[PDB]
């Protein structure tokens, strides 16, 4: 069992996966309690009053999604509530909060009351990102860094006496890490740091790339857009290995290629890939959408024989990069070899939890669990 192990497996639950057709529909009761040590509920949002609030009252409150996920505490799983996320990070409201000591003080007391009201074990900060709002480092003030560190301290000061957890999902990007994070402060106060070692590449690059490279590849634009650099950089900035959980994507980044007879890495891309039937987001495909394309629609899969990155797959002018079971076992062995705190997955609802692709239920998450529980490295 993962609960008796030395590792965390932090699983992100998303409340919007309920709004998906057919087998893509995912509910709190679909969570497999044998596959996680920690569940993080995404997302609460920052209201206009500067207070944490439910993002989707119909699911979170009226259909009791908060309660139905907090239910998993009965298994010994720690259930935290995540604040923020990509969409909620678009504007300046998180920056206005952290730069205002009075606003932080009000926010912190209300947030802790919020957590205890619904029985959450902790809070997960997912501002994307301090200073570099949605990875645009020209947008936010440098004081976002000190303000975020002060917010983490003031939260920690209230949560820790109550035995509540405080964690943060953080950028894998070296420039964002430098600009937004007071790493020694965060490393000391957070119970764990979920490094989002994915989305290194996507349609915004205007060329094909892998969503989550593990190691440097000789054709890479940079030396630091890979999980190996990112994790070592967080530790170099002062993070203990035991506080790091390494994120792994349960999805792929998809691309519409120009289709000048080529389909490898770094080829020109005109747009995100066509949206999937279930996730309905251009540039994005769940793992269970990807394996159906490979198994039943004849997409061609290219693997890296050196296992520096997961596979990619293509058909026509459509191209998607993702993690399969093989690279995931390599990544978990990477986690164990560095004695990291454990792993994190985005997200529960994107793995093949229905066994639509015939490799068993939850093939990616079961591969992580199996490798984490294997003593050999």
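Numbering follows the first chain given and starts at 1.
With 270-278 and 253-261 compared on mean CA B-factor from the PDB entry, the stretch scoring higher is 253-261. For the two regions 213-221 and 197-205, the entry's Cα B-factors average higher over 213-221. By the numbers in the PDB entry, the CA B factor is greatest at 91 among 283, 247, 91, 238. Comparing the C-alpha B-factors of 341, 42, 311, 33 in the entry, the top value falls on 33. Remark: residue 362 belongs to the lowest third of its chain, ranked by C-alpha B-factor as recorded.
Among the modelled residues of its chain, residue 160 has a C-alpha B-factor that falls in the highest third, as given in the PDB entry.
The entry lists a Cα temperature factor for residue 351 that places it in the lowest third of the chain's modelled residues. Compared with the other modelled residues of the chain, the Cα B-factor recorded for residue 10 ranks in the lowest third. In this PDB entry, residue 229 carries a Cα temperature factor that places it within the lowest third of its chain's modelled residues.
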